[PDB]
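Below is the file run30.cif, which contains mmCIF, C-alpha atoms and all ligand atoms.
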```
data_input
loop_
_atom_site.label_atom_id
_atom_site.label_comp_id
_atom_site.auth_asym_id
_atom_site.auth_seq_id
_atom_site.Cartn_x
_atom_site.Cartn_y
_atom_site.Cartn_z
CA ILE H 1 -9.35 -6.57 13.43
CA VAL H 2 -8.09 -3.16 14.62
CA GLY H 3 -9.41 -1.94 18.02
CA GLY H 4 -11.35 -5.16 18.73
CA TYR H 5 -11.25 -7.66 21.61
CA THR H 6 -10.35 -11.34 22.03
CA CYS H 7 -13.58 -13.24 21.21
CA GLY H 8 -12.96 -16.09 23.59
CA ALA H 9 -12.43 -19.65 22.40
CA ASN H 10 -15.24 -20.89 20.20
CA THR H 11 -17.70 -18.12 20.90
CA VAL H 12 -17.91 -17.51 17.11
CA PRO H 13 -18.54 -21.13 16.07
CA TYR H 14 -19.24 -20.42 12.36
CA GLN H 15 -15.88 -18.69 11.78
CA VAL H 16 -13.56 -20.54 9.33
CA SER H 17 -9.83 -19.96 8.67
CA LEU H 18 -8.72 -20.54 4.98
CA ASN H 19 -5.22 -21.90 5.10
CA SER H 20 -2.60 -22.64 2.39
CA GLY H 21 0.29 -23.34 4.78
CA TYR H 22 -0.68 -20.11 6.61
CA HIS H 23 -3.98 -18.27 7.32
CA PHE H 24 -4.87 -16.01 4.35
CA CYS H 25 -8.69 -15.39 4.58
CA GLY H 26 -11.70 -15.97 6.86
CA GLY H 27 -15.03 -17.54 5.91
CA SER H 28 -18.36 -18.56 7.47
CA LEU H 29 -19.80 -22.00 7.69
CA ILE H 30 -23.38 -21.90 6.36
CA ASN H 31 -24.20 -25.62 6.56
CA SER H 32 -22.10 -28.80 7.22
CA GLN H 33 -20.63 -28.89 3.70
CA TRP H 34 -20.41 -25.23 2.54
CA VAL H 35 -18.44 -22.10 3.42
CA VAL H 36 -19.13 -18.55 2.14
CA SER H 37 -16.04 -16.31 1.67
CA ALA H 38 -14.89 -13.47 -0.59
CA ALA H 39 -14.14 -14.13 -4.29
CA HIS H 40 -10.80 -12.34 -4.00
CA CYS H 41 -9.75 -15.01 -1.42
CA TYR H 42 -9.79 -17.56 -4.29
CA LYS H 43 -6.76 -19.79 -4.75
CA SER H 44 -6.16 -23.51 -5.26
CA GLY H 45 -4.91 -25.76 -2.45
CA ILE H 46 -7.28 -24.43 0.25
CA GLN H 47 -7.71 -26.26 3.53
CA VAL H 48 -10.64 -25.04 5.59
CA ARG H 49 -9.91 -24.97 9.31
CA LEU H 50 -12.97 -25.10 11.52
CA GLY H 51 -13.22 -24.76 15.28
CA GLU H 52 -10.11 -22.60 15.55
CA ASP H 53 -9.18 -20.19 18.25
CA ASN H 54 -5.36 -20.12 18.38
CA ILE H 55 -4.47 -20.72 14.76
CA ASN H 56 -0.85 -21.51 15.53
CA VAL H 57 -1.53 -24.22 18.15
CA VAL H 58 -3.57 -27.39 17.96
CA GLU H 59 -5.72 -27.07 21.12
CA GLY H 60 -8.58 -29.51 20.48
CA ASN H 61 -11.87 -28.97 18.56
CA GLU H 62 -10.18 -28.24 15.22
CA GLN H 63 -11.41 -29.94 12.03
CA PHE H 64 -9.19 -29.54 8.96
CA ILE H 65 -11.08 -30.29 5.72
CA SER H 66 -9.99 -29.76 2.12
CA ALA H 67 -11.99 -27.64 -0.20
CA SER H 68 -13.33 -29.95 -2.98
CA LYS H 69 -14.50 -26.90 -5.09
CA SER H 70 -14.51 -23.15 -4.87
CA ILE H 71 -17.16 -21.23 -6.87
CA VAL H 72 -16.28 -17.59 -7.39
CA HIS H 73 -19.40 -15.54 -8.41
CA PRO H 74 -19.50 -15.59 -12.28
CA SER H 75 -19.79 -11.76 -12.31
CA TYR H 76 -17.04 -10.94 -9.81
CA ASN H 77 -15.09 -7.93 -11.11
CA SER H 78 -11.56 -7.68 -9.80
CA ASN H 79 -11.16 -3.99 -10.50
CA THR H 80 -14.40 -2.89 -8.84
CA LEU H 81 -14.66 -5.76 -6.35
CA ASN H 82 -18.34 -5.92 -7.26
CA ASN H 83 -19.86 -9.35 -6.44
CA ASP H 84 -17.01 -10.30 -4.17
CA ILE H 85 -18.45 -13.60 -2.91
CA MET H 86 -17.29 -17.26 -3.26
CA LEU H 87 -18.76 -20.57 -2.14
CA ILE H 88 -16.43 -23.42 -1.04
CA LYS H 89 -17.78 -27.01 -0.96
CA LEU H 90 -15.92 -29.16 1.66
CA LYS H 91 -14.52 -32.59 0.72
CA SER H 92 -16.49 -34.04 3.61
CA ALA H 93 -19.11 -32.68 5.98
CA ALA H 94 -18.05 -30.86 9.11
CA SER H 95 -19.19 -32.28 12.52
CA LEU H 96 -21.50 -29.66 13.93
CA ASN H 97 -21.55 -29.57 17.68
CA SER H 98 -21.12 -26.79 20.29
CA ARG H 99 -17.75 -25.62 18.95
CA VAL H 100 -18.64 -25.81 15.23
CA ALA H 101 -21.98 -24.53 13.94
CA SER H 102 -23.40 -22.85 10.88
CA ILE H 103 -24.77 -19.30 10.65
CA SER H 104 -28.11 -18.54 8.85
CA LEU H 105 -28.43 -16.61 5.67
CA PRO H 106 -30.64 -13.49 5.92
CA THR H 107 -34.22 -13.24 4.76
CA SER H 108 -33.96 -9.43 4.63
CA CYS H 109 -31.23 -6.91 4.28
CA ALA H 110 -30.17 -5.22 7.55
CA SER H 111 -30.87 -1.51 8.06
CA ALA H 112 -28.50 1.35 8.73
CA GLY H 113 -27.69 1.38 12.49
CA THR H 114 -27.97 -2.43 12.93
CA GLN H 115 -25.10 -3.50 15.17
CA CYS H 116 -23.10 -6.50 13.90
CA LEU H 117 -20.19 -8.70 15.00
CA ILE H 118 -17.18 -8.85 12.73
CA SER H 119 -14.45 -11.39 13.60
CA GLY H 120 -11.11 -12.60 12.17
CA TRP H 121 -7.40 -13.23 12.48
CA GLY H 122 -6.27 -10.20 10.42
CA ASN H 123 -3.93 -7.39 11.23
CA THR H 124 -4.54 -5.53 14.49
CA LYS H 125 -2.47 -2.37 13.65
CA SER H 126 -3.65 0.52 11.47
CA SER H 127 0.02 1.48 10.89
CA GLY H 128 2.26 -1.54 10.82
CA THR H 129 1.56 -5.22 11.14
CA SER H 130 0.61 -7.43 14.09
CA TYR H 131 -1.20 -10.62 13.38
CA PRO H 132 -3.02 -12.25 16.26
CA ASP H 133 -2.88 -15.93 17.26
CA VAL H 134 -6.41 -15.87 18.58
CA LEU H 135 -9.66 -14.68 17.04
CA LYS H 136 -10.55 -11.06 17.49
CA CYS H 137 -14.02 -9.54 17.55
CA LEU H 138 -15.49 -6.07 16.87
CA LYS H 139 -18.98 -4.76 17.29
CA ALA H 140 -19.76 -2.29 14.49
CA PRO H 141 -22.89 -0.64 13.09
CA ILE H 142 -24.04 -0.65 9.43
CA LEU H 143 -23.67 2.93 8.13
CA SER H 144 -26.24 4.74 5.94
CA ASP H 145 -25.84 4.56 2.19
CA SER H 146 -25.26 8.27 1.88
CA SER H 147 -22.40 8.19 4.44
CA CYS H 148 -20.98 5.15 2.62
CA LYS H 149 -21.12 6.85 -0.83
CA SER H 150 -19.72 10.14 0.63
CA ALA H 151 -16.74 8.19 2.03
CA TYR H 152 -16.13 6.29 -1.20
CA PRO H 153 -17.59 8.32 -4.06
CA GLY H 154 -18.20 6.37 -7.24
CA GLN H 155 -17.02 3.04 -5.71
CA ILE H 156 -20.03 1.63 -3.83
CA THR H 157 -22.30 -0.59 -5.90
CA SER H 158 -25.70 -1.88 -4.69
CA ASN H 159 -23.90 -5.07 -3.61
CA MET H 160 -21.81 -3.32 -0.94
CA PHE H 161 -22.40 -1.60 2.41
CA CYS H 162 -20.14 0.26 4.85
CA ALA H 163 -19.96 -0.77 8.55
CA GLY H 164 -17.72 0.70 11.26
CA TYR H 165 -16.74 4.07 12.73
CA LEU H 166 -16.08 7.37 10.92
CA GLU H 167 -13.96 8.50 13.82
CA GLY H 168 -11.56 5.65 12.85
CA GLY H 169 -9.73 3.43 15.40
CA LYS H 170 -11.89 0.27 15.02
CA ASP H 171 -12.12 -1.73 11.76
CA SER H 172 -11.52 -4.99 9.91
CA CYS H 173 -8.17 -5.12 8.06
CA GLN H 174 -5.96 -7.35 5.90
CA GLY H 175 -6.35 -11.07 6.86
CA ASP H 176 -9.98 -10.55 7.92
CA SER H 177 -11.13 -10.74 4.29
CA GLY H 178 -13.85 -13.25 3.48
CA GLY H 179 -14.96 -13.39 7.17
CA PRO H 180 -18.42 -12.82 8.63
CA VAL H 181 -20.43 -9.72 9.49
CA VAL H 182 -23.26 -11.12 11.56
CA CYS H 183 -26.22 -9.02 12.57
CA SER H 184 -29.01 -10.43 14.71
CA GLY H 185 -27.87 -14.03 14.19
CA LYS H 186 -27.79 -13.67 10.35
CA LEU H 187 -24.80 -13.49 8.01
CA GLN H 188 -25.18 -9.99 6.47
CA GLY H 189 -21.68 -9.14 5.19
CA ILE H 190 -18.37 -10.53 4.03
CA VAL H 191 -15.19 -8.56 4.74
CA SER H 192 -14.17 -7.18 1.31
CA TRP H 193 -12.15 -3.92 1.09
CA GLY H 194 -11.52 -0.45 2.51
CA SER H 195 -8.94 2.31 2.32
CA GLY H 196 -6.24 1.43 4.85
CA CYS H 197 -7.60 0.12 8.18
CA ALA H 198 -9.34 2.11 10.90
CA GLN H 199 -8.65 5.42 9.13
CA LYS H 200 -10.91 8.37 9.90
CA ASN H 201 -13.75 8.59 7.39
CA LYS H 202 -12.73 5.42 5.59
CA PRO H 203 -14.97 2.68 6.98
CA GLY H 204 -14.82 -0.96 5.85
CA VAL H 205 -16.82 -2.08 2.83
CA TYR H 206 -18.61 -5.39 2.85
CA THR H 207 -20.33 -7.62 0.35
CA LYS H 208 -24.10 -7.36 0.89
CA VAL H 209 -25.05 -11.04 1.33
CA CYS H 210 -28.87 -10.48 1.31
CA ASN H 211 -28.47 -9.71 -2.44
CA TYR H 212 -27.06 -13.19 -3.00
CA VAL H 213 -29.27 -15.58 -1.06
CA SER H 214 -31.13 -17.05 -4.09
CA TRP H 215 -27.80 -17.35 -6.01
CA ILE H 216 -26.30 -19.16 -2.97
CA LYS H 217 -29.25 -21.48 -2.69
CA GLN H 218 -29.44 -22.26 -6.43
CA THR H 219 -25.70 -22.90 -6.61
CA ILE H 220 -25.60 -25.17 -3.51
CA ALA H 221 -28.62 -27.02 -4.90
CA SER H 222 -26.87 -27.88 -8.18
CA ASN H 223 -23.44 -28.80 -6.77
CA CA O 301 -5.68 -24.22 16.68
#
```

structure tokens encoding of this file:
Amino acid sequence: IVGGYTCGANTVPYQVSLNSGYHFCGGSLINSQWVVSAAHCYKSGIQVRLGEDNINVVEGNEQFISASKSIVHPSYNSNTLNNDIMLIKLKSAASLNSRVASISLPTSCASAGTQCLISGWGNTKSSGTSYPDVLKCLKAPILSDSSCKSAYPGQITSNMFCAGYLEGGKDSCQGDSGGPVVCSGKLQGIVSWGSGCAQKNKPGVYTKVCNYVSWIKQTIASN
């Protein structure tokens, strides 16, 4: 997260770290057995780490659980990043408590101007690299579709939205991918792609989760 702030331990209780011997993507817990993340975060040998704040230190409240299956959206396109969403079923159910809790799926898409909280352990520098130990947070608004399509002409499908600041300086970045964009207590976006990080006129692009709620429900129901 570039230009964000330290969330504070366990203030984002639905945030997941996907780990393969190191943190490579975020995710969001949506019930005790399932995580939503980005399809491009797919790999085998994923351990889902719940209740994390400092990802390099065991501090208490962590639950490490293996992924028993990861379901990339059947229509995910790696060149366009359209349908960049993946569901991970956990080998066993998480213990939900204060420190670990699920986030609700939306019933409606959020409108332009809705403020949202984006969180993750990704890079904090727009030029160079600096990975944080603790979870960073950023408040960012959903931008209008015409500003989004002006910023990224020909690349925004109906399954994507822009969120962030045209002035640059605050954004999600590498390592934040697959993590949550939560607006009004509902999971509205998944960190997907952008041009650089926190560059002027190049806001972040996010998977529009409200377009996938019946696919999520039907898939969880048959697996
Ligand atoms: Ca830890």

Exercise for review: Pick out the residues sitting within 9 Å of range 142-146 of chain H, and hand them over as a ChimeraX atom specification; count only C-alpha atoms, and ignore anything fewer than 6 positions along from it in its own chain.
Suggested key: /H:110-116,156,161-165,203

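From CA of residue 223 in chain H back to CA of residue 183 in chain H, the distance works out to 27.8 Å.
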
Check your understanding: To one decimal place, how far is CA of residue 154 in chain H from CA of residue 84 in chain H in Å?
Key ->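 The value is 17.0 Å.
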
Tell me, counting only C-alpha atoms and all ligand atoms, for each residue of chain H within 7 Å of ligand CA 301 (chain O), which pair of atoms is nearest and how far apart they are in Å to one decimal, in rows ordered by chain and increasing number, as CSV.
```
residue,atom,partner,partner_atom,distance
H:52,CA,O:CA301,CA,4.9
H:53,CA,O:CA301,CA,5.6
H:54,CA,O:CA301,CA,4.4
H:55,CA,O:CA301,CA,4.2
H:56,CA,O:CA301,CA,5.7
H:57,CA,O:CA301,CA,4.4
H:58,CA,O:CA301,CA,4.0
H:59,CA,O:CA301,CA,5.3
H:62,CA,O:CA301,CA,6.2
```

Would you mind listing, for every residue of range 135-200 of chain H within 12 Å of range 207-218 of chain H, the two atoms forming the shortest contact and the distance between them in Å to one decimal, using all atoms listed in the file, sorted by chain and ascending residue number, as CSV?
```
residue,atom,partner,partner_atom,distance
H:142,CA,H:208,CA,10.9
H:156,CA,H:207,CA,10.2
H:157,CA,H:207,CA,9.6
H:158,CA,H:208,CA,8.0
H:159,CA,H:208,CA,5.1
H:160,CA,H:207,CA,4.7
H:161,CA,H:208,CA,6.2
H:162,CA,H:207,CA,9.1
H:163,CA,H:207,CA,10.7
H:177,CA,H:207,CA,10.5
H:178,CA,H:207,CA,9.1
H:179,CA,H:207,CA,10.4
H:180,CA,H:207,CA,10.0
H:181,CA,H:207,CA,9.4
H:182,CA,H:209,CA,10.4
H:183,CA,H:209,CA,11.5
H:186,CA,H:210,CA,9.6
H:187,CA,H:209,CA,7.1
H:188,CA,H:209,CA,5.2
H:189,CA,H:208,CA,5.2
H:190,CA,H:207,CA,5.1
H:191,CA,H:207,CA,6.8
H:192,CA,H:207,CA,6.2
H:193,CA,H:207,CA,9.0
H:194,CA,H:207,CA,11.6
```

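What separates CA of residue 89 in chain H from CA of residue 122 in chain H is a distance of 23.3 Å.
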
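Among the candidates H:148, H:173, H:18, H:96, the one nearest to residue 118 in chain H when counting only C-alpha atoms is H:173.
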
Review point. Quick one: of H:130, H:150, H:3, H:200, who's nearest to residue 168 in chain H, counting all atoms listed in the file?
Key: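 Counting all atoms listed in the file, the residue closest to residue 168 in chain H is H:200.
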
Study note, to complete from the structure: Between H:95, H:195, H:126, H:174, smallest distance to residue 151 in chain H by all atoms listed in the file belongs to H:195

Check your understanding: Restricting the calculation to all atoms listed in the file, which member of H:206, H:131, H:76, H:14 is positioned closest to residue 35 in chain H?
Key ->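 Closest to residue 35 in chain H of all the choices is H:14.
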
Exercise for review: Fewer than 2 positions away in the same chain doesn't count, so skip those; otherwise give me all residues within 7 Å of residue 169 in chain H, counting all atoms listed in the file, as a VMD selection string.
Suggested key: chain H and resid 2 to 3 167 171 198 to 199

Review point. Which neighbours of residue 120 in chain H fall inside 9 Å, counting all atoms listed in the file, when residues of the same chain fewer than 2 positions from it are skipped, and could you give them as number ranges by chain?
Key: H: 1, 15-17, 25-27, 118, 122-123, 134-137, 172, 175-177, 179-180

Point to revise | Contacts of range 64-66 of chain H within 7 Å, all atoms listed in the file, excl. fewer than 5 positions in-chain, as a list in words | key: residues 46, 47, 48, 49, 50, 90, 91 and 92 of chain H

Review point. Which is closer to residue 4 in chain H than all the others in H:69, H:99, H:125, H:202, using all atoms listed in the file?
Key: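 Nearest to residue 4 in chain H: H:125.
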
Check your understanding: Between H:70, H:28, H:61, H:79, which is the closest to residue 42 in chain H once you count all atoms listed in the file?
Key ->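 Closest residue, counting all atoms listed in the file: H:70.
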